[PDB]
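Asks: Below is the structure I would like to discuss, written out as structure tokens.
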Amino acid sequence: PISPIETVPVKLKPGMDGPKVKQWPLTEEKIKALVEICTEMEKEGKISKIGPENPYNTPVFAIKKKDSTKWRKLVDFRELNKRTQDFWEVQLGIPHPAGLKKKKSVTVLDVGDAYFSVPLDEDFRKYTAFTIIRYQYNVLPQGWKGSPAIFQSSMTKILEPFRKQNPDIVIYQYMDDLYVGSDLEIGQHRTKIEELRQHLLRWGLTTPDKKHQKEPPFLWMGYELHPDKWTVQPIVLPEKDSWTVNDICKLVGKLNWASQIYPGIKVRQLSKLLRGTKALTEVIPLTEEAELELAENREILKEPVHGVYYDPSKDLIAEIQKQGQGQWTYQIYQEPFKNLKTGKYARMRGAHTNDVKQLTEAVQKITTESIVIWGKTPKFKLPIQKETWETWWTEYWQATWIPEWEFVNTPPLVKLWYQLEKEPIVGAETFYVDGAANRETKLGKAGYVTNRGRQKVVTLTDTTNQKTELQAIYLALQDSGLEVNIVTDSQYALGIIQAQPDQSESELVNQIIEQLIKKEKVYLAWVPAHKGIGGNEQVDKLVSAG
Amino acid sequence: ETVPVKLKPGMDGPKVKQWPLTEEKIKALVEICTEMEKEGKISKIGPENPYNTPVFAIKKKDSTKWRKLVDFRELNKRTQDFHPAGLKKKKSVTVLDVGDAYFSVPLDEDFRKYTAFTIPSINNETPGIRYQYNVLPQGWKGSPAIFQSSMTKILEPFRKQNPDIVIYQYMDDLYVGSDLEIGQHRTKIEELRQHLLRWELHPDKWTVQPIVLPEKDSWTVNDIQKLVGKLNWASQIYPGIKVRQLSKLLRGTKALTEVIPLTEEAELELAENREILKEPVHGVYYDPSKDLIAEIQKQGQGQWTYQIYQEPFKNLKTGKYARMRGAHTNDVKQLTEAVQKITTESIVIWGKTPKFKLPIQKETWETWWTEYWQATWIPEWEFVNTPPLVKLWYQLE
DNA sequence: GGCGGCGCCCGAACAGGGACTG
DNA sequence: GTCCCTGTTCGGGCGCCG
Ligand SMILES: Nc1ccn([C@@H]2CS[C@H](COP(=O)(O)OP(=O)(O)OP(=O)(O)O)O2)c(=O)n1
Ligand SMILES: [Mg+2]
Ligand SMILES: [Mg+2]
């Protein structure tokens, strides 16, 4: 029917008028279904015949539903949407099964004709006019900007009393889906479910029996809910022999979806298969590393896997593991090997970074995700030594911090691969390094001068001032002994190397990192440039042939 | 009887997304908002209101009672506005929460849409529950402005009878300052509290701590290079600083560990520079139009340094925040206490909070700062990667 | 072929900030 | 001012849900 709930007042953005788009031509296979739908809707008062009084129009169409025997009616309301006021979206996230608590009795209900059972603002119906006969909407149409929010809000208002007087009943409300959980025995649970159905009916909302799930496994939000296990519905990966950008996007999206319960999913190579592409219809050749990563993902997917439900009386434990190349997998669980869920974090931040920063980022992502799903921070189990972390937190000039954690010796352990001395080294040779580049010519020079009288200058082409400073440091490191003191005038190179990176998207920085790892003691010091400070001045004069 | 409120000339209301809340805070907010809705102070709204500002809760000190805090920073930026110099000079100042008095004055109807907020749900069991204010909200620029006439009526007899006391309102709090002994001051504060019902700050220790140069009887090439770099930075602040004589001590490609005696010509220059850092910075005038900038540097081991300025190198105030060097030190907790202390000091000195440059990744701060926030206001902030040299320049021995 | 939510990943646009030219 | 480097934001694809 039509809910007796108050309507939600809607306006057009100031100054705009309704749409006046002409009806796109359709087939007969859609006209027949749309007539069959619109006759019954106009009988039920959900759409009303409009006369020549409305000057507005919008094109309509229809598509097959999840069950391919029923048609869903849609309206291309893009123009009206652009002209409709702004809404505050009220759906803040997607409920997850791992946040469900074990319940003795579970029901899943689907509201029948959800949008078409919620009325629409009278002053706004004139803008919804369409033509097949000219109708206008009296209920929420599909394709309008405001319908999801207005329905979600109306469903909340309608449920509010039932929630108020049934606190021990849990209702997960995903937009017309209703998960209903209780610890009541099956008979009294079915009684309460009847109360909830009759209550929805008093507010105009039907729960058809055909979409009334009563026995496990329940289908919900893409998962199968068993009494104390939950799984995802099967994930069919495409086996395409020629790969397009759209195909890679579908594959990576399916892999991202799978990574919530399948551990160890990696998509870095398959995603890098996108760098600077053109369109959805460009064939991409799979690199060898991408082929191997995809084979690994496939072998992961052909393995039986399930998650469990949240127990609020036991601890949240997030254990993280290092994958290669800025990739990390994690498992959230409460009892060992019984995962609540799994995840991945593979976001590359900063041109230069190390594994301690990346781990900190992962710990932050997992923390916020855990607050969203369970409302608790978890207890962490990280492959990093407490000493490693303290050393980092000491030497690092940014505020960093990680919640309660305990070390787990599962390699690859997170390590700082080198340290910079806090004081200059006695007996270590002292290299003053510098470099310069001409902006117009793009040519440059990098070199070093030592206290023992060694001098080296090396010419570079197609370089910058910053690259030329990094090259000078690289020269010094290559030519120095195991212990060295280095004096630069480059706050840029200083800041990079002081951050103690172990990986970089700059090949030069990577080579610098390998050299730094090879050394036993390094002291890096900074002097201001062009100040006559010996022997920085000697290097400066040496590398300025341009 | 309500007051009309206009927004910025060409700006809209706040559209800030609500961040995730822990179960503890959600339960407290739901309790508080039920009670407030009953009393008519807030009411439920829907998605037709296009505005939103974030809400959370903080547990008060030595208390089980949570407090709802709305982050009205965006709203406060967008409401066009409509301070005693002697408060910083008083011996004692007490901060009194007077916020809930605002809940007696109704809020203009047309403006209510802008105060919308959204209580979230654990595991998104439900869509967010949206509310808006019907009275003056705690945390909004306009609430003390509208309530100011009523507040002055409240405080007239107390000011008349106690002319030596300085009462200053900043948004949700009164700052009551005097020079009385601690006990008599507390009794006067209790007089003022009884007056409010009828309807731990000492601005002396606030030392402008200087920039100090290392004192040594033996100087390596490294030490003199560090000193010349620091002085070349500091000359951007104190132009009278010379480096010539010290810089001459370095001629040649010497080893960093090589010892260098200080020539009398250079020791006199170092002494001159040491004295120059004692006199104040010239050409530094406070500007009420331009807003305050506060930089913070993490020095390590519970030590933090900060500068408050408006234009670069014209520092209005430098300082340090020194916490205990403990085993389980929480950098985020310390930084939060530091920004609270600096903001209190700015509200007392200049009457406005500063925009903070925070030496932290944005996500760590946004994830944990609420766990340690205790004030009713919130300063503006941005996130910067502090250069390795600024910390070296402001650190202590 | 329409809509809203969240997720991921990429590149385009842009905003500081350090260093430079005559 | 210019050039270079780097971090943030946002929109465009796709994935999942209804
Ligand atoms: N792709 C989609 C899917 C759903 N929707 C919206 C949001 S929820 C609403 C569900 O459609 P209906 O109310 O007609 O109900 P159903 O299609 O499930 O059938 P019945 O339950 O049998 O009555 O349609 C959409 O806009 N786009
Ligand atoms: Mg339905
Ligand atoms: Mg240089």
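Asks: Can you tell me what percent of all Cα-Cα pairs in segment A:422-490 are more than 20 Å apart?
Replies: Working: 656 of 2346 pairs.
For segment A:422-490, the share of Cα pairs beyond 20 Å comes to 28 percent.
Asks: Now a separate question. When DSSP beta bridges are limited to those with both residues in segment A:311-417, what percentage is antiparallel, rounded to the nearest 5? Each step should come with its number before you reach the end.
Replies: On the way: 13 of 20 bridges.
So the antiparallel bridges amount to about 65 percent of the total.
Asks: Provide the convex hull volume over Cα atoms per residue for segment B:201-286, in Å³.
Replies: Values: hull volume 10.7 nm³, N = 86.
So the per-residue hull volume is 124 Å³.
Asks: Further question on the same structure: Provide the FRET efficiency to the nearest 0.05 for the A:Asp86-B:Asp108 pair, computing r from the beta carbons and using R0 = 25 Å.
Replies: Values: r = 21 Å, r/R0 = 0.85.
Rounded to the nearest 0.05, the efficiency is 0.75.
Asks: Follow-up question, since we're still on this one. Report the label-to-label distance for B:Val208 and A:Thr368 in nanometres (one decimal), using points 7 Å from each Cα along the Cα→Cβ vector.
Replies: So the two model labels end up 4.0 nm from each other.
Asks: Okay, next question. For chain B, I need the span (max minus min coordinate) of the C-alpha atoms along each principal axis, in Å, sorted largest to smallest.
Replies: Computed over the Cα atoms, the extents are 79, 56, 46 Å.
Asks: Separate question: Hull surface divided by four, with the convex hull built on the Cα atoms of segment A:217-310: how many nm²? Kindly include the intermediate steps, with their values, before the conclusion.
Replies: Details: hull surface 27.8 nm².
It is 6.9 nm².
Asks: How big, on average over all directions, is the shadow cast by the Cα convex hull of the protein assembly as shown, in nm²?
Replies: Values: hull surface 191.0 nm².
Taking a quarter of the hull surface, the average projection is 47.8 nm².
Asks: Let me ask something else about it. Give me the three principal axis extents of segment A:418-543 from the C-alpha atoms, as integers in angstrom, largest value leading.
Replies: Sorted largest first, the three principal extents are 39, 33, 22 Å.
Asks: Tally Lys/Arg at +1 and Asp/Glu at -1 over every other residue whose Cβ is under 13 Å from the Cβ of B:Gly283; what's the total? Could you put the intermediate results ahead of the total?
Replies: Numbers: positive: B:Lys314; negative: B:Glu279, B:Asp287, B:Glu311.
That works out to -2.
Asks: Using only alpha carbon positions, build the gyration tensor of segment A:1-90, then give the equivalent ellipsoid semi-axes as the square roots of 5 times its eigenvalues, largest first, whole angstrom. Mind dumping the intermediate values first?
Replies: Details: eigenvalues 122, 65, 48 Å².
Over the Cα atoms of segment A:1-90, the semi-axes work out to 25, 18, 16 Å.
Asks: Can you compute the FRET efficiency between A:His199 and A:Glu404 using 1/(1 + (r/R0)^6), with r the Cβ-Cβ distance and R0 = 45 Å? Round to the nearest 0.05.
Replies: Working: r = 44 Å, r/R0 = 0.98.
Between A:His199 and A:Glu404 the formula returns 0.55.
Asks: Okay, moving on. Can you list residues whose amide H is under 5 Å from A:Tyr174's amide H, if they're 5+ apart or on another chain and H is modeled 1.01 Å from N?
Replies: Residues meeting the amide H criterion: A:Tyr179.
Asks: Which residues among segment A:446-477 fall inside the zone where the amide N is under 19 Å from a point 7 Å beyond the Cα of A:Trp417, along Cα→Cβ?
Replies: A:470-471, A:473-477
Asks: How large is ³J(HN,Hα), in whole Hz, for each residue of segment B:260-268 in order, when computed from phi with the Karplus curve 6.51 cos²θ - 1.76 cosθ + 1.60 and θ = phi - 60°, using x for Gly and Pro?
Replies: Each residue's phi maps through the Karplus curve to give 10, x, 7, 4, 4, 4, 8, 5, 5 Hz.
Asks: Over all pairs of distinct alpha carbons, what does the Kirkwood formula give as the hydrodynamic radius of segment A:69-212, in Å? Walk me through the numbers on the way to the answer.
Replies: On the way: mean 1/r = 0.0588 Å⁻¹.
The Cα-based Kirkwood calculation yields 17.0 Å.
Asks: Please arrange B:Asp223, B:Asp217, A:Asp17 by counting, for each residue, the other beta carbons lying within 10 Å of its beta carbon, fewest first. Please report the intermediate quantities before stating the final value.
Replies: On the way: B:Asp223 17, B:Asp217 5, A:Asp17 10.
By the 10 Å Cβ count, ascending, the order reads B:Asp217, A:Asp17, B:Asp223.
Asks: Using r as the Cβ-Cβ distance of A:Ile284 and B:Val30, and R0 as 51 Å, what FRET efficiency do you calculate, to the nearest 0.05? Please report the intermediate quantities before stating the final value.
Replies: Details: r = 50 Å, r/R0 = 0.98.
About 0.55, to the nearest 0.05.
Asks: Indicate the gyration tensor shape class of segment B:269-397 (rounded, prolate or oblate), computed on the Cα atoms with a ≥ b ≥ c the square roots of the eigenvalues: a/c under 1.5 is rounded; otherwise a/b larger than b/c is prolate and the rest oblate. Write out the running numbers ahead of the final one.
Replies: Values: a/c = 1.99, a/b = 1.27, b/c = 1.57.
Oblate, since a/c reaches 1.5 and b/c is not below a/b.
Asks: Please report, in Å, the Rg and the Dmax of chain A, where both are computed over Cα atoms only.
Replies: Computed over the Cα atoms of chain A, radius of gyration and Dmax are 32.1, 99 Å.
Asks: Taking 2.2 N^0.38 Å as the expected size of a compact globular protein, what ratio does the Cα radius of gyration of segment A:173-259 give against it, to two decimals? Display every interim value, and only then the final one.
Replies: Numbers: Rg = 18.6 Å, N = 87, 2.2 N^0.38 = 12.0 Å.
Normalised Rg, Cα atoms only: 1.55.
Asks: May I ask you to compute the full-extension gain from A:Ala295 to A:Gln233, defined as 0.36 nm times their residue separation minus their alpha-carbon distance, rounded to one decimal in nm? Before the final figure, lay out each step's value.
Replies: Numbers: separation 62, 0.36 × 62 = 22.32 nm, distance 2.10 nm.
Full extension of this stretch gives 20.2 nm more.
Asks: How many angstrom lie between the Cα centre of segment B:151-171 and the Cα centre of segment B:49-107?
Replies: 19
Asks: Of the beta bridges DSSP finds with both residues in segment A:418-543, what % are antiparallel, to the nearest 5?
Replies: Once the DSSP bridges in segment A:418-543 are tallied, antiparallel ones form about 55 percent.
Asks: Still on this structure: Within segment A:283-358, which trypsin sites (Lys or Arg not before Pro) sit in a loop by DSSP and count at most 11 neighbouring Cβ atoms inside 10 Å?
Replies: A:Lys302, A:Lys314, A:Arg349
Asks: Report the GluC sites (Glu not before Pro) located in segment A:381-452 that are in a DSSP loop and have at most 13 other Cβ atoms inside 10 Å of their Cβ, or state none. Don't jump to the answer; show the numbers that get you there.
Replies: Numbers: sites: A:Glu387, A:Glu390, A:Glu395, A:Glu404, A:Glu406, A:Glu421, A:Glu429, A:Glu440; in loops: A:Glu404, A:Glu421, A:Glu440.
Within segment A:381-452, the qualifying GluC sites (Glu not before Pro) (loop, at most 13 other Cβ atoms within 10 Å) are A:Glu404, A:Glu440.
Asks: Taking every DSSP beta bridge that has both residues in segment B:1-134, what percent is antiparallel when rounded to the nearest 5?
Replies: Numbers: 12 of 14 bridges.
For segment B:1-134, the DSSP antiparallel bridge percentage is about 85.
Asks: Starting from segment A:1-85, pick out the GluC sites (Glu not before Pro) whose DSSP state is loop and whose Cβ has at most 11 other Cβ atoms within 10 Å. List each step's numbers first, then the result.
Replies: On the way: sites: A:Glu6, A:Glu28, A:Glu29, A:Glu36, A:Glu40, A:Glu42, A:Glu44, A:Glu53, A:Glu79; in loops: A:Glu6, A:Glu44, A:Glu53.
Qualifying residues, ordered by number: A:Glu6, A:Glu53.
No Cβ is skipped: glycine too gets one built from the backbone with ideal geometry, and neighbour counts run over all protein chains shown. Laboratory data are not the source of any read-out in this text; all were calculated from the coordinates shown.
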